[PDB]
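Chemist: first piece of the complex, coordinates kept as in the full assembly:
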Amino acid sequence: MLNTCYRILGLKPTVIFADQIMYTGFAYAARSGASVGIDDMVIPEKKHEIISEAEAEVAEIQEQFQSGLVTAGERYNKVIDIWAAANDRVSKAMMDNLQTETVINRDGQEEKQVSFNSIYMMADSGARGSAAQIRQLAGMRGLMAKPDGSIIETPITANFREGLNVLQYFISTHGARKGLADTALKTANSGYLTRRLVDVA
């Protein structure tokens, strides 16, 4: 919207327009009283089900490993897939529940529309957080990998609205530290790259 204003009216009007957007957006945002409480982070009703299914899927590939149907190195990447899938099921489960399930009526019978749940309004608009991060609040938060890089064959089954336990947090540790370590260097790498580029231009 701001873009088209520029290419039609010119610099000056776009500038003062953009002011009006900020002033008003802030004002009505305050009137809205949008917030976030514990009950805003709605877990799917099916979560515990989805786990036990892919958890039994590992019980299949386990039976085959002990009974020699499948090999050992094979079995690691088999289980890691049936877990990696269930996470995509849990993710698009909460996202179906959270998105539209405010079911409300107009004079006649029943109808459903995009939810007005607090934490949802934030992501759909783009103000902050993404289904990726949301996936760690309501649904389980992915699989982590040990310092190796080799992603561990029993994912973090808990989310942030629930607790994590001893081990789950300790597994979450590596990715966080390498995260910090990397972005400390990924800052240096940008810096060096841009430096080299201006020297030649």
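Modeler: Alright, I've got the coordinates. Numbering: from 1, shown residues only, chains lettered A, B, ... in the order given.
Chemist: wait, is residue A:110 part of a helix?
Modeler: No. Looking at residue A:110 with DSSP: H, G, I helix; E, B strand; the rest coil, it is coil, so not inside a helix.
Chemist: measure it to residue A:117 for me?
Modeler: Using CB to CB, to the nearest Å, one gets 18 Å for the distance from residue A:110 to residue A:117. (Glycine included, C-beta is placed from N, CA and C.)
Chemist: quick one: which of the two has more around it?
Modeler: A side-by-side neighbour count of residue A:110 and residue A:117, using other CB atoms under 10 Å, places residue A:117 first with 18 against 8.
Chemist: list the residues that contact the more buried one.
Modeler: By CB atoms under 8 Å, 6 or more residues apart in numbering, the contact list for residue A:117 reads A:40, A:42, A:98, A:102.
Chemist: specify which member of the residues you listed is nearest to residue A:132.
Modeler: Nearest to residue A:132 among the contacts of residue A:117: residue A:98, at 14.1 Å, using CB to CB.
Chemist: what about the helix or strand that contains residue A:193, distance to the chain center?
Modeler: Under the assignment given by DSSP states H and E, the secondary-structure element containing residue A:193 is helix A:166-200. The gap between where helix A:166-200 is centred and where its chain is centred comes out at 20 Å by CA atoms, centre = their mean, to the nearest Å.
Chemist: now do the buried residues in that helix.
Modeler: A:168, A:171, A:174, A:175 (16 or more other CB atoms under 10 Å).
Chemist: in chain A, which residue is closest to the centre?
Modeler: Most central residue of chain A, judged by C-alpha distance to the mean C-alpha position with CA atoms, centre = their mean, is residue A:132 at 1.5 Å.
Chemist: distance of that residue relative to residue A:87?
Modeler: With distances defined as CB to CB, the gap from residue A:132 to residue A:87 amounts to 11 Å.
Chemist: one more: residue A:198?
Modeler: 43 Å.
Chemist: re earlier: compare the contacts of residue A:117 and tell me which has the most neighbours.
Modeler: Ranked by the number of neighbours (other CB under 10 Å), these place residue A:98 first, at 24 neighbours.
Chemist: what packs against the strand or helix carrying that residue?
Modeler: In the assignment (DSSP H and E), residue A:98 maps to helix A:72-100. Contact partners of helix A:72-100 among helices and strands, from 3 or more CB pairs under 8 Å, 6 or more residues apart in numbering; DSSP states H and E: helix A:47-66, helix A:118-125, helix A:131-137.
Chemist: so can I have a markdown table of the ones you listed showing distance to residue A:23?
Modeler: A markdown table is the format used below for the helices and strands packed on helix A:72-100 (distance: least, CB to CB, whole Å):
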| stretch | distance to residue A:23 |
| --- | --- |
| helix A:47-66 | 42 |
| helix A:118-125 | 18 |
| helix A:131-137 | 29 |
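Chemist: another chain to add, chain B:
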Amino acid sequence: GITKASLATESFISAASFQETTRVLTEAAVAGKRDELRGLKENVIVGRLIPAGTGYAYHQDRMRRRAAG
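Modeler: Below is chain B, added to the chains above:
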């Protein structure tokens, strides 16, 4: 390559900024090299108007006064 291309610069003053300084001067002092500024780096070193932007006007207007009368 970008890193190699930059290493070759006409102005010897520019090179002693980011290259290895000892080597740059020696190579240049034997050659009797005359630096005319012209580039950006060197004009900042010597603290006069950048030969671009607002300064382009001045440097252009003065560069022509040279090689002339």
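Chemist: now with chain B: the buried residues of helix A:166-200?
Modeler: Across helix A:166-200, burial judged by 16 or more other CB atoms under 10 Å in any protein chain shown covers A:168, A:171, A:174, A:175, A:199.
Chemist: can you tell me how far the first one is from residue B:5?
Modeler: This points to residue A:168. When CB to CB is applied, the distance between residue A:168 and residue B:5 equals 51 Å.
Chemist: show me which residues of chain B sit near chain A.
Modeler: Where chain B comes near chain A, counting by CB under 8 Å from any CB of the partner chain, the residues are B:2, B:3, B:5, B:6, B:18.
Chemist: could you give the separation of the helix or strand hosting residue B:56 from the chain centroid?
Modeler: Mapping residue B:56 onto the secondary structure by DSSP H and E places it in helix B:53-63. Chain-centre distance of helix B:53-63: 15 Å, with CA atoms, centre = their mean.
Chemist: what residues does that helix touch?
Modeler: Residues lying outside helix B:53-63 but in contact with it, judged by CB atoms under 8 Å, 6 or more residues apart in numbering or on different chains, are B:38, B:43, B:49, B:51.
Chemist: ok, back up a step: of the residues of chain B next to chain A, grab the buried ones for ChimeraX.
Modeler: If you want just the buried ones from the residues of chain B next to chain A in ChimeraX, going by 16+ other CB under 10 Å, the selection is:
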select /B:6,18
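Chemist: from the residues of chain B next to chain A, which land in helices?
Modeler: Assigned to helices by DSSP state H, the following of the residues of chain B next to chain A qualify: B:2, B:3, B:5, B:6, B:18.
Chemist: pretty sure the last one contacts residue A:199?
Modeler: Yes. Under the criterion of CB atoms under 8 Å, residue B:18 makes contact with residue A:199 at 6.0 Å.
Chemist: which among the residues of chain B next to chain A gets closest to residue A:161?
Modeler: When these are compared for distance to residue A:161 (CB to CB), residue B:2 comes out closest, at 49.0 Å.
Chemist: residues touching the closest residue to chain A within chain B, list them.
Modeler: Residue of chain B nearest chain A, by CB to the nearest CB: residue B:6 (3.7 Å). Residue B:6 is in contact with A:196, A:199, A:200, counting by CB under 8 Å, 6+ apart.
Chemist: what subset of these is also close to chain B?
Modeler: A:196, A:199, A:200.
Chemist: residue furthest from the geometric center of chain B?
Modeler: No residue in chain B has its C-alpha farther from the mean C-alpha position than residue B:69, which lies at 23.6 Å (CA atoms, centre = their mean).
Chemist: could you check how far that residue is from residue B:57?
Modeler: Taken as CB to CB, the span from residue B:69 to residue B:57 is 22 Å.
Chemist: now do residue B:43
Modeler: The gap separating residue B:43 from residue B:57 is 14 Å, by CB to CB.
Chemist: compare these two (neighbour count), which wins?
Modeler: Taking neighbours as other CB atoms under 10 Å in any protein chain shown, residue B:43 and residue B:57 compare with residue B:43 leading, 20 against 12.
Chemist: put this one in as chain C:
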Amino acid sequence: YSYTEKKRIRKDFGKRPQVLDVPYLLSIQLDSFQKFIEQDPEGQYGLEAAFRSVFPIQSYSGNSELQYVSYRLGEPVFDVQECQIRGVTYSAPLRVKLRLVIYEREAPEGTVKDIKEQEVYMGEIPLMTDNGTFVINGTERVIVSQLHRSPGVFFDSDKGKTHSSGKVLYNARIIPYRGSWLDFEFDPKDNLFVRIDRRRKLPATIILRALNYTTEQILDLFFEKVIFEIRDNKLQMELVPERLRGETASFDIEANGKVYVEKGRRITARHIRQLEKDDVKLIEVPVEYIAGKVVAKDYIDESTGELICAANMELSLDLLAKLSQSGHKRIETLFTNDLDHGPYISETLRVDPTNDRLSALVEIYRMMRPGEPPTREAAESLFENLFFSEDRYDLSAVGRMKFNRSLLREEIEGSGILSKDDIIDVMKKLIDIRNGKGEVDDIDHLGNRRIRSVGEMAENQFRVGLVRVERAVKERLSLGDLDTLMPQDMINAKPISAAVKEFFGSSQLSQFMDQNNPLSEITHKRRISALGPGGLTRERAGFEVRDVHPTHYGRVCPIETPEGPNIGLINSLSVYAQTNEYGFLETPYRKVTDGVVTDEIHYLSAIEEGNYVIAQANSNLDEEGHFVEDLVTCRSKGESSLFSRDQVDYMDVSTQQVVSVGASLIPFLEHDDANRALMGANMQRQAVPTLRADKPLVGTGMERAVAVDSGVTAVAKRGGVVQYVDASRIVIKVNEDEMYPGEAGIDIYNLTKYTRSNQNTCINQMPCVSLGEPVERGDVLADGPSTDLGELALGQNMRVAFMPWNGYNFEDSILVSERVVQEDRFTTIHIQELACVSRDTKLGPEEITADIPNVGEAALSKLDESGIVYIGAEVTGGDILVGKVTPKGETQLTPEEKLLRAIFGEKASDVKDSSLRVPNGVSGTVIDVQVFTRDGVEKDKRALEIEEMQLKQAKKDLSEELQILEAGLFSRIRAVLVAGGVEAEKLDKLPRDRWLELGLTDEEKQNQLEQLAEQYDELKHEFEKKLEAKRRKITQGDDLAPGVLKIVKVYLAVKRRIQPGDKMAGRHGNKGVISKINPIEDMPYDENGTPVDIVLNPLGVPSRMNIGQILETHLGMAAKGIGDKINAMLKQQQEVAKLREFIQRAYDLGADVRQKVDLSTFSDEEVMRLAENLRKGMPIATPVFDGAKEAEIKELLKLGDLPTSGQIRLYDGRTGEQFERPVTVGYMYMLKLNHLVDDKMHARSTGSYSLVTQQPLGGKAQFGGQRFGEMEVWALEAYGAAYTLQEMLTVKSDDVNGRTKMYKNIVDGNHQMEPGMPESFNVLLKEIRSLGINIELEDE
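Modeler: Time to bring in chain C:
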């Protein structure tokens, strides 16, 4: 339940029982130091240990030996308090007994004379505080425990990136505690090399020759022998039935009258089963199989006595004939197999330029010190000194242990230096791994990383102190005359005291205590660093060591680590962690014998722990303590899986033991993204202490452990009753049980009052008991800064509500109601120390006189006749604290100044105005003045008033002790006289001083009165001497630096409120910079009318996955609910019944907890006092992984009469209309960190300029301008900003001429610049021109 627990009890959720309570958190610092400084009647590490190494010292074989007797530690010159104000280091004099013996020439081991010189002094060595810190110059410092590679030998890889071939490599490294490194490494060609330290590579076999091993013994040692017999004509061979594995038949191979295998069929399990079972020892062979084999020993021709073949020379079908015709029946050969036993050492010998012992010993000397000629005596001694000298080499015990451990020996202790066997045994084991048997170590595993701390690290600095004094003692013992010099003439003080002052003064491990916070201190003293001496460097390693390793579980905290250029290079000690006997890291566990979980605890080091299978913290066991489930989640060998009920050998002690003290203080941590958790316990330590010590409504349970173990608080030595309570001191009349027999008396605790911290904050103790209250031993007696009632309160919680407020919380910025700054509650008190120095300059001495040239009486009002500002004066910027003048004569003024002096008649003085004035912008009250004056300069007026007042004050303090201590002591005398002679009324009529005479009939009660007498008369005299030294210390000349006459130190107490710019954050890594301070009129309020203190932005919560801050807010809300309930019932004065009925309900909540509570507590006087402390809110505890769960949280909202949502409706204070949607409100404990705005904010128009480069420089604390670095210049280049750039690096900085021409133009109202050339480049022109380079400016 105790006495300061009865006052206020934190409601604790969480089910898992505490089985082991947190040990002393300062264990590491205090323990380690105690071992170093202590008489140990044996060798174990200490000052005794260090001594015994270098000693006995003996002169250059002159049989004049100086041996070491014993050592003593003198009393502290000043105690802790004394030493701090003045600025000395807290040290004790080291007195060591030395014995100088002389042997006659040549007296058969016996002495002409020996002088047994009493304890010579060798410097003072610093001492550690009660709380694990040092004082270096009146400033508390901490010595960070270090993490370095354990001594011993370690086999490593270096796979891949090497050469772009893959291949991998294998290397062994022997790293001793002291002495040179011994490295063994391979290469692609599979040649063994050695290099000492990181020096020039050399062929490995050279060291064998240096130990007097020739070529034959080198072959003999590392290889087997294949014996070849010449029996009849042509070759037989001794066959080991195993040797043929991994090879194929070489010819028609037959034996025992049956061809087992023919030419071309690989020798497998069939053939080896045949050979082994049929016992084939000798077989006949062709003369061509030895064409390649290498001969073992030396073989010469028996007739001509000439050399046929040298050892380690390969034979040929022709070479055999030369030693066959010479009559040789044996030829010993090497067994070479490039899978099993590789021909490695053989090839090495062919690369070795040496042959004999002295050949190699030379090649070693010339490698270490090239360029200078070798000598016979040099190469042998040098090498013998490298790995075999007790003095210049030691592995220690840990080194010797890991050495024997890693090599699969039995002995756990032996030589401290390497032996001929040791080195060989290592070379053997290294070969094995390359062969495929054995695996390599990794540096990262916490069994190969060792922890040192102050006690050990100080040992090394004393040892180096002695080795540099040893040369000096040996040097003097060379020429020394008979009985004239004595063992004090030689030993200097400076060499010893400097080598130790160096460490504690400036070292990467000695730093200014991070002391803004009882957590900051305790988290600092429990800290690790892999930097500095003997560890890695930031530019070396290397992500493997920085990353969190599985072995960190329960030893090092995974989350509390710095956020900067060295992440993971620091870390923090875990709660329950402790240092191994050997110096490793161990953690507590529970011994699971069969299927029951015991309570006998075991400490398991990193290596020990791997083997066992340890259960998990959260595991349900009931009745006898059987595991409830048939399968329990456990972790064993580095990984984690489900396990059988009876397979678990141990179990985690607590749910907490994995984190640090910092990390454990976050509630609902389990619910917080790991990233934000780091920042939480990272910023928590930066919490500046508040005016009013609050208390966290939402807690974890740890706050009591941190408060006590950190020194800031005053903890009761002995249990008793309070006699006297003053804001100054507290006197405890001790109970009978704990009180010692003699001296009786009372414990008197003198409180620390208002004083400067390392970070300019204020540290103040306050009394937390009232007159005549019972306290027991180990009770909390007085709160520190940022501690309440015994709990650690780093901040103050307040009513917080999440919602956009017209953008005044746009990013993480915070919006605060005026009610907060009005309540002065996040107001924060800082204390700076400003000093004035009277020096001596070439022109003359500086005077502290109050006569200051060209100042009005407005200035000289706050200054007394002597020239010092009065105590108590509220002063602001510009006012003079200490008048001072420096000699500057003959000013040489100019005409218009001269004419000006003549028009207004000022007597242009010969002295400059140098007075100490108050820095612009900061403003506070003077609360103390100290004056230190050179010994022998007359104490001025005010100085004598001060040193007289310190005298009068010191007398009152000491006598108060005696008055309280007498009555305490006399009160016991009264009670022992009553047991067999009780004359209650008769006794106390006569003067109490006239009691000591009364005896007792034959009984021990007669000897008890005798005890108090002894200790009475000692109180009489110990009073006298404590008063004497105190008095001398005040009047004695204060010693200063050279050139300085006298110094005035003024201490300011500035009271800073809170304003936009201050960084604040909750415990969950939610930073934010207070943005506007709003009227209470404009605040969001609820239907009850109660405004809200802070309005936080909901956007900061989803992205940053810190969900505990929300849980905290809700639980806090319910916790305030219980407050409002009790507050209503307490104001209703309902009576004990209705109150106790309600309190009892609160402390249970739902079922299954660990809490327990009344009605035991005395149903009146005690129950009422509790209620008061709760009306502000009810303190709850959410343990780290044992926390409360939503149901219990929602349940407490019901009792608090608050919605389960945690949300209510609010009304905009401005428009008064409702806010659509419910918003969350609650209470979040919040910290104000010390990035306070009015410390960061700097500005400069024109200021001081650096001499070398005429460049804006902070000189008068009007700080240097901002640095305008390379990147900021590219900014201007992308715009056209040609002039903006010139002015930026011309007149605004470097152009000495331009800046004034400009400034004059600015005030003249002409915006121009007259730039010219920057001096930075003008100096380059000169700097270049002073090299051989002719650099000119051409043309025009």
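Chemist: once more on the contacts of helix B:53-63, this time with chain C?
Modeler: Contacts made with helix B:53-63 from outside it, assessed by CB under 8 Å, 6+ apart, are listed as B:38, B:43, B:49, B:51, C:1277, C:1279, C:1280, C:1281, C:1282, C:1283, C:1286.
Chemist: report the buried residues of it.
Modeler: Within helix B:53-63, the residues that qualify as buried are B:53, B:54, B:55, B:59, counting by 16+ other CB under 10 Å.
Chemist: list, one by one, the residues from chain A near chain B.
Modeler: A:196, A:197, A:199, A:200.
Chemist: make it 6 Å
Modeler: By the criterion of CB under 6 Å from any CB of the partner chain, the positions of chain A lying close to chain B are A:196, A:199, A:200.
Chemist: equivalent analysis for chain C, please.
Modeler: When proximity is defined by CB under 6 Å from any CB, chain C lies next to chain B at C:1280, C:1282, C:1283, C:1285, C:1286, C:1289, C:1290, C:1317, C:1318, C:1321, C:1333.
Chemist: let's verify the last one: helix, strand, or coil?
Modeler: The one in question is residue C:1333. Strictly by three-state DSSP, residue C:1333 counts as coil.
Chemist: for the nearest residue to it once chain neighbours are set aside, what is the enclosing helix or strand?
Modeler: Once its chain neighbours are removed from consideration, residue C:1333 has its nearest residue in residue B:29; the separation is 4.7 Å (CB to CB, 6 or more residues apart in numbering or on different chains). Under the assignment given by DSSP H and E, the secondary-structure element containing residue B:29 is helix B:21-31.
Chemist: which other residues reach the helix or strand that that helix is followed by?
Modeler: Elements were assigned by DSSP H and E; along the chain past helix B:21-31, the next helix or strand is helix B:40-45. Helix B:40-45 is contacted by residues B:11, B:13, B:14, B:17, B:37, B:50, B:51, C:1321 when judged by CB atoms under 6 Å, 6 or more residues apart in numbering or on different chains.
Chemist: out of these, list just those in helices.
Modeler: B:13, B:14, B:17, C:1321.
Chemist: show me which pair in the residues you listed is furthest apart.
Modeler: Longest distance between any two of the ones in helices among the contacts of helix B:40-45 is 13.4 Å, between B:14 and C:1321; criterion CB to CB.
Chemist: which one of these two is surrounded by more residues?
Modeler: When neighbours are counted by other CB under 10 Å, residue B:14 comes out ahead of the other of residue B:14 and residue C:1321, with 23 against 18.
Chemist: mind checking how far that one is from residue B:7?
Modeler: Using CB to CB, one obtains 11 Å as the distance from residue B:14 to residue B:7.
Chemist: same check on residue C:557?
Modeler: As defined by CB to CB, residue C:557 lies at a distance of 47 Å from residue B:7.
Chemist: for residue C:1316, same thing?
Modeler: Distance from residue C:1316 to residue B:7, by CB to CB: 32 Å.
Chemist: who has more neighbours out of those two?
Modeler: Here residue C:1316 and residue B:7 are set side by side on neighbour count (other CB under 10 Å), and the busier one is residue C:1316, at 16 against 12.
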